[PDB]
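Participant: Dumping the structure here so I can ask a few things about it.
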Amino acid sequence: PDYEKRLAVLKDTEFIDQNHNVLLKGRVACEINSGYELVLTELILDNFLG
Amino acid sequence: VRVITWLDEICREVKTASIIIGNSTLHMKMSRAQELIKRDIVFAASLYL
Amino acid sequence: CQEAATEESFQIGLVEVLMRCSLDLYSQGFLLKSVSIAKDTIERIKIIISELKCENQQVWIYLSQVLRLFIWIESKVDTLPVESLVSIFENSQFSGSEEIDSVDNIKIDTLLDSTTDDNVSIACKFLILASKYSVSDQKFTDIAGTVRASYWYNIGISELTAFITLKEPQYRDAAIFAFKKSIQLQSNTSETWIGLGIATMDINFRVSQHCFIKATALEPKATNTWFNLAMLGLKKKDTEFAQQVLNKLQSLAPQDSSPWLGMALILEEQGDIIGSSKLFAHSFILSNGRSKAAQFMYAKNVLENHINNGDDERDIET
Amino acid sequence: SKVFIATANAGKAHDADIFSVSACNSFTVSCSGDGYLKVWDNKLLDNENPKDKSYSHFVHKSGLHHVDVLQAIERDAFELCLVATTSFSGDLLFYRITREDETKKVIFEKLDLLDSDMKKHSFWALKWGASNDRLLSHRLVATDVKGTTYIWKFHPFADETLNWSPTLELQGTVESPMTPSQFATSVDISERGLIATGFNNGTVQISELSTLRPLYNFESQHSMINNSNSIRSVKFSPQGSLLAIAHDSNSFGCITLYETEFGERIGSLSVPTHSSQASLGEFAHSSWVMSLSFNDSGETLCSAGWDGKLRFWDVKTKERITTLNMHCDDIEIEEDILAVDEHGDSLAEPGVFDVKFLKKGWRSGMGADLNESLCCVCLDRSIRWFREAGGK
Amino acid sequence: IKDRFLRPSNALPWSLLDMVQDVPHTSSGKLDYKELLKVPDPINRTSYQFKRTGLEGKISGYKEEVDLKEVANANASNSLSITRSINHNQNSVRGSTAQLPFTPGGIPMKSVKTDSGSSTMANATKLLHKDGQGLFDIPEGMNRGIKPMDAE
């Protein structure tokens with residue numbers, strides 16, 4: 001049940017799509033093994049890093 | 001030193017992901033960082049050979 | 001090979017092993033050196049056909065594949081030592097086809113004196129004959145359709161390639177028939193769903209969309225099926241479709257050059273150039289001469305940035 | 001294979017700049033601008049820079065810029081070992097080895113092989129060859145101002161047990177095929193027999209030594225400058241048919257991979273190096289590159305740069321494994337350290353001249369089995385050694 | 001003084017390389033873009049196998065066989081079977097997460113064929129089925145459809 005609630009946030013944050021499969025956000029995030037992966041994933045989007 | 005090592009691990013992890021996403025400049029930057037931080041005491045000899 | 005004079009296991013195995021030496025290096029980078037083996041081992045293969053006394057379907061598949069490294073790549077037209085392969089049919093046994101002969105009307109020993117013998121077309125015909133005219137299951141086991149259902153794929157694939165390269169409907173027709181009858185005789189192994197989709201949808205918008213959409217059933221993941229669906233961008237004209245289909249590709253498996261290439265094309269055709277350029281360059285970096293358009297379209301887009309400006313020669317990056 | 005570490009070090013070897021190194025199983029020797037030879041011993045004691053286990057020798061007034069050693073075993077009559085060095089003037093003085101275990105008094109013979117007429121051609125980029133009964137003559141290739149390659153069959157033995165009779169000879173004169181007349185920069189042989197030749201205008205022309213055969217050539221990669229493409233070191237894989245070319249491009253270094261038959265550029269060995277601050281391109285090193293070298297197998301390539309950087313390039317899949325950084329402060333003992341040169345410049349990133357591998361059982365200073373050891377020499381008159389981690 | 005500046009260009013300056021070319025869109029369509037489109041590589045359904053002579057038969061006699069399971073040997077689709085072709089793009093351990101992994105033991109991976117049609121492709125092509133004698137309109141996952149040439 002809690003896992004299914006973790007899916008609710010993972011679907012809302014747009015990492016995995018609503019049909020429960022991985023998107024580009026989820027793909028890029030798949031490389032990061034650290035615990036603070038979601039913010040880090042969100043850091044790479046725009047030219048802010050450039 | 002540990003922190004620096006883990007940063008090397010990160011830059012590696014992000015490098016792949018950077019490539020995957022697309023931005024080549026970003027990848028280069030990651031690998032520029034990966035060039036500079038890997039040296040001397042940070043990655044010294046493993047004295048157990 | 002020096003020890004074993006003429007045995008069925010060793011020297012047939014020498015074809016099965018040394019064929020992929022070519023393909024590997026082609027995939028890696030080296031072509032002109034590695035094609036030498038391919039050219040040389042054909043004559044050896046022929047020599048073995050009579051010596052070892054084993055002209056099986058597997059051998060013909062192997063030689064078909066080796067030949068395929070003079071079709072997917074066509075800068076080795078000057079070397080081409082495949083002109084003396086009609087004697088291979090005289091050396092080996094000849095069972096002969098039934099349905100495939102009626103489509104194009106080209107025999108085993110009726111493709112030498114052709115209408116203006118072009119070299120590429122010589123290779124293409126030697127491919128066509130090699131795959132289609134092979135012997136039946138003589139002293140070789142089987143189990144439910146493996147004799148003439150998998151072999152329709154061998155035919156249909158070769159014929160499809162022949163169409164793709166030369167642009168002739170005659171072979172296309174025999175590909176279509178092959179993939180229809182294979183479909184009839186199996187319809188569960190998920191390779192017949194692709195070729196049929198590819199070939200028949202060249203005629204009009206969606207006759208064999210039944211085949212090409214539902215390839216994903218027993219086949220778990222995609223490679224060329226979702227990429228070629230981007231042909232709807234001009235064979236129907238829906239722009240969002242073109243990119244929204246490739247989203248699923250680049251989300252699941254972005255490692256290949258193809259989806260990157262396709263998106264790059266899509267972004268280009270609308271309006272944007274710099275992002276498109278970036279995409280194309282990235283694709284090139286990924287592939288490194290894996291796809292055709294990976295090298296071509298890169299050079300194109302780069303040259304498009306340098307039309308109406310003329311930057312300074314003292315810039316190193318340019 | 002991964003990252004190497006200091007097995008042994010040295011500093012302030014010669015009076016002038018140490019332009020090249022020459023290593024083998026028995027010993028290692030360096031040549032320099034003042035023009036001397038110090039034959040450094042391989043077998044050391046535990047945790048000590050020898051220094052005095054490298055006996056000096058007088059050679060030339062002008063200097064010595066390139067050097068290489070060769071070893072062989074023709075018969076039981078004499079265990080073969082031979083050295084030859086090139087000068088700024090351009091005379092290839094041979095040096096015959098005659099060693100003792102205790103004393104180590106390696107005095108050389110007064111070797112003047114060629115007459116005065118053949119020395120019209122200079123001698124710049126020498127390179128020995130190891131032929132294990134493919135061609136009985138011990139191969140050797142040099143260059144000159146006119147663009148020509150000469151070989152010298154040095155057999156002291158009998159029958160074309162074995163009586164003493166040292167001689168000089170010629171296998172075949174390979175000239176500079178390209179037009180107009182050109183300066184031959186560098187050249188090296190191969191184990192298979194396909195022996196290409198490099199030039200000062202970026203083109204590498206493929207050839208053979210014995211047959212006097214010029215095969216084919218290819219165009220350079222962007223050549224519009226004054227010194228557009230200058231090939232420094234052409235090198236080959238010891239087993240395979242690949243060709244690793246090292247050449248320059250205004251400021252930057254350029255390393256390219258080819259093959260002997262086709263001669264097609266599958267890729268150039270490059271990484272994200274610094275160039276134009278933000279907008280990068282593709283180069284091997286940020287500064288110039290001189291000496292490339294393979295390991296015993298022919299997989300890990302190692303280039304020597306002008307920016308004080310060694311980089312380990314994987315040949316099987318074109319990508320760098322890691323980078324070893326060279327500084328003046330890497331020298332062990334305090335007295336030999338030269339931080340700043342006499343004309344006012346910090347030597348934190350000195351010019352690394354010649355890196356060269358030492359295969360299984362050559363070096364054995366401290367903590368090394370049948371190892372793939374390495375040596376290196378820099379602009380600050382230093383000489384250093386490295387080793388593989390573990391071994392087995 | 002009397003050479004360096006006033007001597008004209010042997011090459012051409014990039015400022016005066018604006019009259020070089022024009023770039024047509026059409027090559028001289030659909031087939032023009034996708035030249036790479038193609039079916040997968042030829043299938044080798046059969047296989048050469050050679051057994052033994054008899055009692056203590058150290059390679060002499062032999063008899064052949066044929067095999068069939070899942071699909072072609074490649075990590076792009078899946079190929080969870082451990083006997084798979086090793087490509088020239090893999091490290092000692094890490095390499096890349098692109099190529100799909102090997103089998104897990106113990107836990108049931110639910111994927112049974114249930115046949116010697118009937119129920120081989122059960123709820124695979126039957127779920128994705130809509131209009132016009134199985135003419136699958138939409139690519140599955142999303143909702144959109146297709147529009148013929150009359151749009152533009």
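We label chains A, B, ... in the order they appear in the structure tokens, count residues from 1 in each chain, and number ligands from 1 in the order shown.
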Within 9 Å of chain C, which residues of chain B show up when using only C-alpha atoms, listed as a ChimeraX atom specification?
Facilitator: /B:19-24
Participant: Once you count only C-alpha atoms, which residues of chain A turn out to be within 10 Å of chain B? Could you give them as a PyMOL selection string?
Facilitator: chain A and resi 24-25+27-34+40-41+44-45+47+49-50
Participant: Hey, which of D:53, D:381, D:360, D:311 ends up closest to residue 3 in chain D? Count only C-alpha atoms.
Facilitator: D:311
Participant: Report as an mmCIF file with N, CA and C atoms, in the first residue's frame the set of chain D residues whose atoms approach chain E to within 10 Å, with distances computed over only C-alpha atoms.
Facilitator:
data_model
loop_
_atom_site.group_PDB
_atom_site.id
_atom_site.type_symbol
_atom_site.label_atom_id
_atom_site.label_comp_id
_atom_site.auth_asym_id
_atom_site.auth_seq_id
_atom_site.Cartn_x
_atom_site.Cartn_y
_atom_site.Cartn_z
ATOM 1 N N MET D 224 45.662 24.100 -42.866
ATOM 2 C CA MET D 224 45.821 25.420 -43.504
ATOM 3 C C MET D 224 46.852 26.354 -42.842
ATOM 4 N N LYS D 316 41.045 -0.746 -27.933
ATOM 5 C CA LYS D 316 39.887 -1.584 -28.310
ATOM 6 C C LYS D 316 38.560 -0.813 -28.408
ATOM 7 N N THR D 317 38.361 0.146 -27.503
ATOM 8 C CA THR D 317 37.236 1.086 -27.562
ATOM 9 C C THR D 317 37.746 2.490 -27.229
#
Participant: Between chain E and chain A, at 10 Å or less, what are the per-residue closest atom pairs and their distances in Å? Count only C-alpha atoms, order by chain and rising residue number, and return it as a tab-separated table.
Facilitator:
residue	atom	partner	partner_atom	distance
E:96	CA	A:31	CA	9.3
E:97	CA	A:31	CA	7.9
E:141	CA	A:19	CA	7.4
E:142	CA	A:19	CA	9.2
Participant: Take the residues from that selection and put them in a file with N, CA, C and O atoms, as an mmCIF file, in the first residue's frame.
Facilitator:
data_model
loop_
_atom_site.group_PDB
_atom_site.id
_atom_site.type_symbol
_atom_site.label_atom_id
_atom_site.label_comp_id
_atom_site.auth_asym_id
_atom_site.auth_seq_id
_atom_site.Cartn_x
_atom_site.Cartn_y
_atom_site.Cartn_z
ATOM 1 N N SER E 96 27.153 -0.380 -19.127
ATOM 2 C CA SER E 96 25.956 0.448 -19.292
ATOM 3 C C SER E 96 24.692 -0.301 -18.865
ATOM 4 O O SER E 96 24.624 -1.529 -18.964
ATOM 5 N N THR E 97 23.697 0.456 -18.401
ATOM 6 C CA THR E 97 22.389 -0.098 -18.020
ATOM 7 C C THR E 97 21.419 -0.284 -19.203
ATOM 8 O O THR E 97 20.303 -0.770 -19.009
ATOM 9 N N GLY E 141 -0.608 2.575 -25.684
ATOM 10 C CA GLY E 141 -0.035 3.422 -24.635
ATOM 11 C C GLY E 141 -0.729 4.773 -24.567
ATOM 12 O O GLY E 141 -1.019 5.270 -23.476
ATOM 13 N N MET E 142 -0.998 5.358 -25.739
ATOM 14 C CA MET E 142 -1.619 6.686 -25.865
ATOM 15 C C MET E 142 -2.923 6.622 -26.672
ATOM 16 O O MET E 142 -3.312 5.552 -27.146
#
Participant: Show me, as an mmCIF file with N, CA, C and O atoms, in the first residue's frame, the residues of chain C whose atoms get within 6 Å of chain D, using only C-alpha atoms for the distance check.
Facilitator:
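Just written: iface-v1.cif:
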data_model
loop_
_atom_site.group_PDB
_atom_site.id
_atom_site.type_symbol
_atom_site.label_atom_id
_atom_site.label_comp_id
_atom_site.auth_asym_id
_atom_site.auth_seq_id
_atom_site.Cartn_x
_atom_site.Cartn_y
_atom_site.Cartn_z
ATOM 1 N N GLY C 29 33.897 -0.594 -36.693
ATOM 2 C CA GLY C 29 34.486 0.489 -37.488
ATOM 3 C C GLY C 29 35.197 0.087 -38.773
ATOM 4 O O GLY C 29 35.046 0.756 -39.797
ATOM 5 N N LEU C 32 36.903 -1.955 -45.033
ATOM 6 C CA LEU C 32 37.683 -2.338 -46.233
ATOM 7 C C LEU C 32 38.691 -3.480 -46.021
ATOM 8 O O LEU C 32 38.929 -4.266 -46.942
ATOM 9 N N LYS C 33 39.280 -3.561 -44.828
ATOM 10 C CA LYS C 33 40.120 -4.707 -44.453
ATOM 11 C C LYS C 33 39.263 -5.954 -44.220
ATOM 12 O O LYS C 33 39.585 -7.035 -44.715
ATOM 13 N N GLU C 317 36.933 26.458 -33.039
ATOM 14 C CA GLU C 317 35.801 25.568 -32.835
ATOM 15 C C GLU C 317 35.079 25.287 -34.149
ATOM 16 O O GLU C 317 34.750 24.138 -34.458
#
Participant: Go through E:98, E:51, E:41, E:114 and flag the residue nearest chain B, using only C-alpha atoms for the distances.
Facilitator: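 Smallest distance to chain B is found for E:98.
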Participant: Tell me which protein, DNA and RNA residues are within 7 Å of residue 171 in chain D, counting only C-alpha atoms, leaving out same-chain ones fewer than 2 positions away, and put them as a ChimeraX atom specification.
Facilitator: /D:151,169,210
Participant: Can you tell me how far CA of residue 131 in chain C sits from CA of residue 208 in chain C, in Å to one decimal?
Facilitator: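 Between these atoms lies a distance of 24.9 Å.
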Participant: To one decimal place in Å, what is the distance between CA of residue 67 in chain E and CA of residue 225 in chain C?
Facilitator: 26.0 Å
Participant: I need the chain B residues near chain D as an mmCIF file with N, CA and C atoms, in the first residue's frame; criterion: at most 9 Å, counting only C-alpha atoms.
Facilitator:
data_model
loop_
_atom_site.group_PDB
_atom_site.id
_atom_site.type_symbol
_atom_site.label_atom_id
_atom_site.label_comp_id
_atom_site.auth_asym_id
_atom_site.auth_seq_id
_atom_site.Cartn_x
_atom_site.Cartn_y
_atom_site.Cartn_z
ATOM 1 N N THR B 25 27.798 19.548 -24.201
ATOM 2 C CA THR B 25 28.545 20.507 -23.387
ATOM 3 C C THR B 25 28.535 20.095 -21.921
ATOM 4 N N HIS B 27 28.081 17.017 -20.703
ATOM 5 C CA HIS B 27 28.928 15.840 -20.609
ATOM 6 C C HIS B 27 30.400 16.248 -20.530
ATOM 7 N N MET B 28 30.797 17.186 -21.384
ATOM 8 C CA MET B 28 32.164 17.667 -21.405
ATOM 9 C C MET B 28 32.562 18.279 -20.062
ATOM 10 N N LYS B 29 31.650 19.076 -19.516
ATOM 11 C CA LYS B 29 31.834 19.712 -18.218
ATOM 12 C C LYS B 29 32.020 18.666 -17.118
ATOM 13 N N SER B 31 33.086 15.608 -17.531
ATOM 14 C CA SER B 31 34.380 14.999 -17.799
ATOM 15 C C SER B 31 35.578 15.926 -17.575
ATOM 16 N N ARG B 32 35.357 17.231 -17.694
ATOM 17 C CA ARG B 32 36.335 18.227 -17.274
ATOM 18 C C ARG B 32 36.566 18.182 -15.764
ATOM 19 N N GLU B 35 38.281 14.946 -14.884
ATOM 20 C CA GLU B 35 39.722 15.088 -15.128
ATOM 21 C C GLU B 35 40.440 15.692 -13.917
ATOM 22 N N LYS B 38 40.379 13.928 -9.956
ATOM 23 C CA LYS B 38 41.062 12.632 -9.822
ATOM 24 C C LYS B 38 42.588 12.786 -9.891
ATOM 25 N N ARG B 39 43.219 13.031 -8.740
ATOM 26 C CA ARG B 39 44.677 13.237 -8.674
ATOM 27 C C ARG B 39 45.242 13.224 -7.245
ATOM 28 N N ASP B 40 46.480 12.741 -7.113
ATOM 29 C CA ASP B 40 47.289 12.850 -5.882
ATOM 30 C C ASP B 40 46.703 12.080 -4.670
ATOM 31 N N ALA B 44 45.166 8.082 -4.180
ATOM 32 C CA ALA B 44 46.537 7.640 -3.932
ATOM 33 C C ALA B 44 46.650 6.124 -4.131
ATOM 34 N N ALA B 45 47.831 5.576 -3.852
ATOM 35 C CA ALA B 45 48.066 4.135 -3.960
ATOM 36 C C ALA B 45 47.251 3.345 -2.938
ATOM 37 N N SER B 46 46.749 2.188 -3.364
ATOM 38 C CA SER B 46 46.159 1.206 -2.461
ATOM 39 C C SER B 46 47.302 0.335 -1.945
ATOM 40 N N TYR B 48 48.115 -2.440 -0.493
ATOM 41 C CA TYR B 48 47.780 -3.837 -0.168
ATOM 42 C C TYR B 48 47.944 -4.754 -1.401
ATOM 43 N N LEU B 49 49.007 -4.523 -2.174
ATOM 44 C CA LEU B 49 49.220 -5.194 -3.461
ATOM 45 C C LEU B 49 50.327 -6.237 -3.356
#
Participant: Compile the contact shell of range 24-36 of chain D as a list in words: residues with an atom at most 7 Å away, counting only C-alpha atoms, same-chain residues fewer than 4 positions apart removed.
Facilitator: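 Listed by chain and then number, they are residues 14, 15, 16, 17, 18, 19, 20, 40, 41, 42, 56, 57, 58, 59, 60, 61, 62, 63, 64, 65, 66, 67, 69, 358 and 362 of chain D.
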Participant: Would you write out those residues with N, CA and C atoms, as a PDB file, in the first residue's frame?
Facilitator:
ATOM      1  N   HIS D  14      70.808  14.926 -16.186  1.00  0.00           N
ATOM      2  CA  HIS D  14      71.800  15.555 -17.066  1.00  0.00           C
ATOM      3  C   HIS D  14      71.833  17.071 -16.870  1.00  0.00           C
ATOM      4  N   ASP D  15      72.845  17.712 -17.452  1.00  0.00           N
ATOM      5  CA  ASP D  15      73.048  19.160 -17.317  1.00  0.00           C
ATOM      6  C   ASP D  15      72.051  19.968 -18.152  1.00  0.00           C
ATOM      7  N   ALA D  16      71.789  19.509 -19.376  1.00  0.00           N
ATOM      8  CA  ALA D  16      70.787  20.111 -20.265  1.00  0.00           C
ATOM      9  C   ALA D  16      69.478  19.309 -20.213  1.00  0.00           C
ATOM     10  N   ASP D  17      68.530  19.650 -21.089  1.00  0.00           N
ATOM     11  CA  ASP D  17      67.217  18.988 -21.124  1.00  0.00           C
ATOM     12  C   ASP D  17      67.320  17.550 -21.641  1.00  0.00           C
ATOM     13  N   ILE D  18      66.615  16.632 -20.978  1.00  0.00           N
ATOM     14  CA  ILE D  18      66.639  15.204 -21.321  1.00  0.00           C
ATOM     15  C   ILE D  18      65.598  14.934 -22.414  1.00  0.00           C
ATOM     16  N   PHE D  19      66.047  14.938 -23.667  1.00  0.00           N
ATOM     17  CA  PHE D  19      65.145  14.879 -24.826  1.00  0.00           C
ATOM     18  C   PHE D  19      64.576  13.491 -25.156  1.00  0.00           C
ATOM     19  N   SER D  20      65.194  12.418 -24.655  1.00  0.00           N
ATOM     20  CA  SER D  20      64.712  11.057 -24.943  1.00  0.00           C
ATOM     21  C   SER D  20      65.204   9.997 -23.956  1.00  0.00           C
ATOM     22  N   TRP D  40      71.347   3.521 -16.548  1.00  0.00           N
ATOM     23  CA  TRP D  40      70.672   3.225 -15.274  1.00  0.00           C
ATOM     24  C   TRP D  40      70.368   1.730 -15.136  1.00  0.00           C
ATOM     25  N   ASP D  41      70.769   1.135 -14.008  1.00  0.00           N
ATOM     26  CA  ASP D  41      70.456  -0.281 -13.728  1.00  0.00           C
ATOM     27  C   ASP D  41      68.970  -0.505 -13.420  1.00  0.00           C
ATOM     28  N   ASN D  42      68.467  -1.685 -13.791  1.00  0.00           N
ATOM     29  CA  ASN D  42      67.072  -2.078 -13.534  1.00  0.00           C
ATOM     30  C   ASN D  42      66.899  -2.687 -12.143  1.00  0.00           C
ATOM     31  N   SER D  56      78.135   7.347 -16.304  1.00  0.00           N
ATOM     32  CA  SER D  56      78.096   8.337 -17.385  1.00  0.00           C
ATOM     33  C   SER D  56      79.080   7.995 -18.503  1.00  0.00           C
ATOM     34  N   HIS D  57      78.826   8.538 -19.695  1.00  0.00           N
ATOM     35  CA  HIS D  57      79.742   8.393 -20.839  1.00  0.00           C
ATOM     36  C   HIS D  57      79.718   9.634 -21.740  1.00  0.00           C
ATOM     37  N   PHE D  58      80.900  10.058 -22.194  1.00  0.00           N
ATOM     38  CA  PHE D  58      81.041  11.211 -23.091  1.00  0.00           C
ATOM     39  C   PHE D  58      80.726  10.808 -24.533  1.00  0.00           C
ATOM     40  N   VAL D  59      79.949  11.641 -25.231  1.00  0.00           N
ATOM     41  CA  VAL D  59      79.542  11.374 -26.617  1.00  0.00           C
ATOM     42  C   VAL D  59      79.842  12.566 -27.532  1.00  0.00           C
ATOM     43  N   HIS D  60      79.118  13.673 -27.349  1.00  0.00           N
ATOM     44  CA  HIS D  60      79.157  14.794 -28.301  1.00  0.00           C
ATOM     45  C   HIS D  60      79.150  16.157 -27.605  1.00  0.00           C
ATOM     46  N   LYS D  61      79.637  17.168 -28.324  1.00  0.00           N
ATOM     47  CA  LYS D  61      79.690  18.546 -27.829  1.00  0.00           C
ATOM     48  C   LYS D  61      78.351  19.259 -28.010  1.00  0.00           C
ATOM     49  N   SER D  62      77.740  19.088 -29.184  1.00  0.00           N
ATOM     50  CA  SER D  62      76.464  19.734 -29.515  1.00  0.00           C
ATOM     51  C   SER D  62      75.283  19.184 -28.709  1.00  0.00           C
ATOM     52  N   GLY D  63      75.144  17.857 -28.670  1.00  0.00           N
ATOM     53  CA  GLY D  63      74.092  17.193 -27.883  1.00  0.00           C
ATOM     54  C   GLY D  63      73.614  15.859 -28.431  1.00  0.00           C
ATOM     55  N   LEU D  64      72.585  15.310 -27.783  1.00  0.00           N
ATOM     56  CA  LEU D  64      71.936  14.058 -28.197  1.00  0.00           C
ATOM     57  C   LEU D  64      70.430  14.134 -27.929  1.00  0.00           C
ATOM     58  N   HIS D  65      69.614  14.010 -28.980  1.00  0.00           N
ATOM     59  CA  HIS D  65      68.161  14.242 -28.866  1.00  0.00           C
ATOM     60  C   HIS D  65      67.260  12.993 -28.947  1.00  0.00           C
ATOM     61  N   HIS D  66      67.651  11.980 -29.726  1.00  0.00           N
ATOM     62  CA  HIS D  66      66.900  10.711 -29.802  1.00  0.00           C
ATOM     63  C   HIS D  66      67.808   9.483 -29.641  1.00  0.00           C
ATOM     64  N   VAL D  67      67.279   8.473 -28.946  1.00  0.00           N
ATOM     65  CA  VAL D  67      68.036   7.284 -28.534  1.00  0.00           C
ATOM     66  C   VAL D  67      67.108   6.072 -28.346  1.00  0.00           C
ATOM     67  N   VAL D  69      67.474   1.421 -27.530  1.00  0.00           N
ATOM     68  CA  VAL D  69      68.292   0.217 -27.271  1.00  0.00           C
ATOM     69  C   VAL D  69      67.615  -1.021 -27.874  1.00  0.00           C
ATOM     70  N   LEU D 358      57.820  -0.927 -20.170  1.00  0.00           N
ATOM     71  CA  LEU D 358      58.756  -1.979 -19.763  1.00  0.00           C
ATOM     72  C   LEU D 358      57.944  -3.227 -19.398  1.00  0.00           C
ATOM     73  N   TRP D 362      61.004  -6.756 -16.501  1.00  0.00           N
ATOM     74  CA  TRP D 362      62.051  -5.795 -16.877  1.00  0.00           C
ATOM     75  C   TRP D 362      62.444  -4.945 -15.669  1.00  0.00           C
TER      76      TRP D 362
END
